[PDB]
Structure formats: C-alpha cells, structure tokens
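In structure tokens, one chain follows: the form deposited in one PDB entry.
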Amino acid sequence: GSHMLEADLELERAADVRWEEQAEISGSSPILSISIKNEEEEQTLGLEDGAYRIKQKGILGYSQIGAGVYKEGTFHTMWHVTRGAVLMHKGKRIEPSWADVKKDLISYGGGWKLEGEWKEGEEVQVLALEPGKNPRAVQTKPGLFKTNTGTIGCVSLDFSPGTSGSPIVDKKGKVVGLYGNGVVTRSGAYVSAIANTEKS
C-alpha cells in the first residue's frame, strides 16, 4: 500500500472545557476563542486539554467533519467521524487507542478519561463547535430513555452534524458525553445519546 495517510485530518483547538455561567443565566452564550477570533473560517486550519475541531484537507481547503475533547493525554471523539483514522495536531501524530462502534465512540492516546455525570432532571451545556461558527455554550435538559438493556440520557439534535464530538458538560465542568451520537427512538425520532449516562 502507501505509507502516507489516506486523509489529512487536523485538530484545531477552539475552547476551554468548562461550564459557562452566562449560558446558565441566558440559556446560551458565546465563548472566547483566541488574539480574539471574530469569525471562524472553516477552510483554514487555525496536545493539552480542551475542545477541538477536526478538519479534513481537500483541494478546496479544510472541512470541519467533527469535534472532540482532549483530556489527560487522551483525545475523545465519535467513531463515525474519523472511522479510526490517524489524527494530526501541529505536526504531532495521534493514533487510535480504543473504540466501541455501538456507542459510536473512539479515543486516541489512552482510554476514556471523560468523567462528567448526569442524573434525570439536571441540566447540561453542549459546548457546540459547529462548522463556520465560534464556540457557543447552550443549556439543555436531557431526557431519560430506556434501552434495550438499561437507560441512557439524550439531547435533541439541534446543531450541525459537523458538531459531532463536541463535549456536553455538567455543573462541575466535567464532560458527561459527546454531541452527535444519533440513535433511533421507539416513536420514530432521532436524538443524541450521551453515555457515561448509560447504565445496564
């Protein structure tokens, strides 16, 4: 075969993972992105902790295919986003360490480090990194759903699909889960399943 990677997948730091008090008061609020970034330009590109965009290079420039969370040396994202492909961050290569297809989850440089928690009734913030947009924190109340084998919490699919991988956070600032894990419900709707929220 070839010794070059099939695709140029670059990470781009976008925001601190933390609970945003302004979004708790207003329902939503922008987050600072650094010099202050007034606008996000998807097509240009621009590891320690935070929320990252995942951008694929093509002839027309970069496309945001997803997002993810770096924590304690491990990058966390959605399986469907990278399909296990090797990632780059500023010339440093990151390799897949672990994956669960049914959860639509994958991590790079270690196992799952996400420790956010959620119990029915509590509110979370999606720290949305959408294609073309500065980071925005949006308060939401997850609903509880039955599996199949137990329970999961879920949020509504209210962001661009390229937002997949974006951290959803609790009041402690810990990541309960990632946006974009589309599952089908009993009554015909699709929602975003959180996990860590999973019990069985």
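For every residue, the number given is its place in the sequence shown, counted from 1.
The stretch of deposited sequence separating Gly46 from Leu47 contains 10 or more residues lacking coordinates in this entry. Count the deposited residues lacking coordinates between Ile34 and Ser35 and you get 4 to 9 of them. Note on 53-61 vs 35-43: mean CA B-factor is higher in 35-43.
Remark: stretch with higher mean C-alpha B factor among 15-23 and 188-196 is 188-196.
Residues shown: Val101, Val124, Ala85, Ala128. Highest C-alpha temperature factor in the entry: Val101. When the CA B factors of the chain's modelled residues are split into thirds, the value for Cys154 lands in the middle one. The deposited CA B-factor of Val183 belongs to the highest third of values across its chain. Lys171 sits in the middle third of its chain by CA B factor, as recorded in the PDB entry. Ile94: CA B factor lies in the highest third for its chain, per the PDB record. Among the modelled residues of the chain, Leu105 sits in the middle third by CA temperature factor in this PDB entry.
The same protein also exists as the form solved in complex with a small molecule; that form is not shown, yet it is the one meant from here on.
Looking at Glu130, you'd find every heavy atom of it more than 4.5 angstroms from the small molecule in the deposited bound form.
Although the partner is absent here, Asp104 is a contact residue: one of its heavy atoms lies within 4.5 angstroms of the small molecule in the deposited bound form. Interface residue remark: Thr149 is counted as part of the site for the small molecule in the deposited bound form, having a heavy atom within 4.5 Å. Here the chain stands by itself, but in the deposited bound form one stretch of 155-163, 135-143, 56-64, 171-179, 171-179, has heavy atoms within 4.5 Å of the small molecule.
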